[PDB]
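**Q** Sharing a structure with you now.
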There are 2 protein chains.
Amino acid sequence: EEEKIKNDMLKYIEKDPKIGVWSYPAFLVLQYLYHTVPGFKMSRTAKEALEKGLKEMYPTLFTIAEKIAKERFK
Amino acid sequence: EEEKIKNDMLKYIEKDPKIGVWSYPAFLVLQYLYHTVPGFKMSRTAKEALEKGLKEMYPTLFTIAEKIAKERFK
């Protein structure tokens, strides 16, 4: 169950976590903030948005993935 | 105010809304679902997650961007 998920998720660590989104509203808001407030970390806020929404949709899987990624610190 | 935002957002329509996220938890959950449930629209769910989280963080800007993008239908 849980340990079945762990092996697959560790198989997915090996790859680059590039995630691509084609979304006009999100792009417009992010670009507006980038051009309007200096120093706006557009990519960080987009990652936060993705992580927040995805954790809300799939809380258990998101927590498992976060624990596996974190506990791969050393 | 609002009409100042409209001009910039219409300036940003011209570009491709490619949004890129480098996030290990979100990547792990999305790839787990892609490999585990057939027909999983990974990109659609990632876009939904980004839109949900970003609308929660910036509801007014997200609604403005969504209205501008929608009302550019014809």
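Residue numbers start at 1 in each chain; chains themselves are named A, B, ... in the order of the structure tokens; ligands are numbered from 1 in the order shown.
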So which residues touch residue 34 of chain A within 12 Å, counting only C-alpha atoms, skipping near sequence neighbours fewer than 2 positions away, as a list in words?
**A** residues 27, 28, 29, 30, 31, 32, 36, 37, 38, 39, 40, 41, 42, 43, 44, 45 and 46 of chain A; 8, 9 and 12 of chain B
**Q** Mind running chain A against chain B at 7 Å and telling me each contacting residue's nearest atom pair with the distance in Å (one decimal), counting only C-alpha atoms, chain and number ascending, as CSV?
**A**
residue,atom,partner,partner_atom,distance
A:8,CA,B:32,CA,6.8
A:9,CA,B:28,CA,5.6
A:12,CA,B:28,CA,6.1
A:17,CA,B:22,CA,5.1
A:18,CA,B:22,CA,5.0
A:19,CA,B:21,CA,4.8
A:20,CA,B:20,CA,4.8
A:21,CA,B:19,CA,4.8
A:22,CA,B:18,CA,5.0
A:23,CA,B:17,CA,5.6
A:24,CA,B:17,CA,5.5
A:25,CA,B:65,CA,4.7
A:26,CA,B:51,CA,6.0
A:27,CA,B:17,CA,5.2
A:28,CA,B:9,CA,5.6
A:29,CA,B:61,CA,6.0
A:32,CA,B:9,CA,6.7
A:43,CA,B:21,CA,6.5
A:46,CA,B:21,CA,6.7
A:47,CA,B:21,CA,5.3
A:49,CA,B:53,CA,4.1
A:50,CA,B:50,CA,4.0
A:51,CA,B:26,CA,6.0
A:52,CA,B:53,CA,5.3
A:53,CA,B:49,CA,4.1
A:54,CA,B:49,CA,4.9
A:61,CA,B:29,CA,6.0
A:62,CA,B:29,CA,6.1
A:65,CA,B:25,CA,4.7
A:66,CA,B:25,CA,4.8
A:69,CA,B:24,CA,6.5
**Q** Keeping C-alpha atoms, export the residues of the selection given above as a compact mmCIF listing (two decimals), in the first residue's frame.
**A**
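out_22.txt, written as the output of this step:
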# COMPACT_ATOMS: atom_id res chain seq x y z
CA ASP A 8 7.38 4.37 -7.45
CA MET A 9 7.92 7.84 -5.99
CA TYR A 12 10.40 9.39 -10.01
CA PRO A 17 10.46 17.84 -11.71
CA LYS A 18 9.67 20.08 -14.67
CA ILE A 19 5.92 20.74 -14.59
CA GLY A 20 4.29 22.67 -17.42
CA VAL A 21 1.00 24.58 -17.29
CA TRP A 22 -0.78 26.32 -20.19
CA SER A 23 -3.28 28.60 -18.44
CA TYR A 24 -4.29 32.08 -19.57
CA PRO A 25 -5.63 33.37 -16.19
CA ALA A 26 -2.63 32.17 -14.19
CA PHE A 27 -0.22 33.45 -16.84
CA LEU A 28 -1.91 36.86 -16.90
CA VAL A 29 -1.87 37.26 -13.12
CA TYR A 32 1.00 41.29 -14.18
CA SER A 43 8.22 30.90 -10.43
CA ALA A 46 3.54 29.56 -9.24
CA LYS A 47 5.12 26.55 -7.52
CA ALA A 49 0.04 27.76 -6.13
CA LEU A 50 0.51 24.35 -7.75
CA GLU A 51 1.56 22.75 -4.47
CA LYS A 52 -1.34 24.33 -2.56
CA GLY A 53 -4.01 23.32 -5.06
CA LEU A 54 -2.61 19.84 -5.62
CA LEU A 61 -0.45 11.60 -1.93
CA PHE A 62 0.98 15.11 -1.62
CA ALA A 65 5.52 12.76 -1.90
CA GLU A 66 6.63 15.64 0.33
CA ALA A 69 11.34 14.15 -1.09
